[PDB]
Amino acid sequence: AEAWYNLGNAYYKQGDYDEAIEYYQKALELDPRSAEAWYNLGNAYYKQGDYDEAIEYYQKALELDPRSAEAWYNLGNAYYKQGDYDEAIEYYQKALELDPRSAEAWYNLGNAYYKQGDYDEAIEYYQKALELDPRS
């Protein structure tokens, strides 16, 4: 499994997401235990624009390891990209509960409320982002 995984990683690093997907899938067939590997497979689908696949593999990562702020955040991002703003909000909140340090994540939670048309919460979360990083 580890060898196929590392070949997927090398393709991923040069932006060959369809090859990364084929080799990650072969790795996971041999050993499905790593939350990180399912997360990397989700990322490959996300980079290709196949958000429904990214969601299925991020969910599998989080079933294995639910304290990954990064997996919750990317899950939120995949729902955001489908226009599922209510889900993005839920998973962004879960991410920020685990790790409130990223200005960018507070901003994206603000963006999801804005897209819902809930301007109060958009302002609340944009203000949290700008307190952390006022440069954009």
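Residue positions are given as counts along the sequence shown, with the first one as 1. By rigid core we mean the largest C-alpha set that fits within 1.5 Å across both forms.
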Fill in the blank from the handout: Between 51-59 and 97-105, greater root mean square CA displacement in 5 other deposited structures of this protein relative to the shown form, after rigid core superposition, belongs to 97-105
Practice task
Could you tell me which of the two stretches, 31-39 or 74-82, has its Cα atoms lying farther from the shown structure in 5 other deposited structures of this protein after fitting on the rigid core?
Solution key: 31-39
Practice task
Would you mind comparing 43-51 and 98-106 for me and telling me which has the higher average C-alpha temperature factor in the entry?
Solution key: 98-106
Handout entry: Of 61-69 and 80-88, the one with larger mean CA B-factor
Key = 61-69
Practice task
Sorting the chain's modelled residues by C-alpha B-factor, tell me whether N9 ends up in the lowest, middle or highest third.
Solution key: lowest
Handout entry: Relative C-alpha B-factor of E22, binned into the chain's lowest, middle or highest third
Key = highest
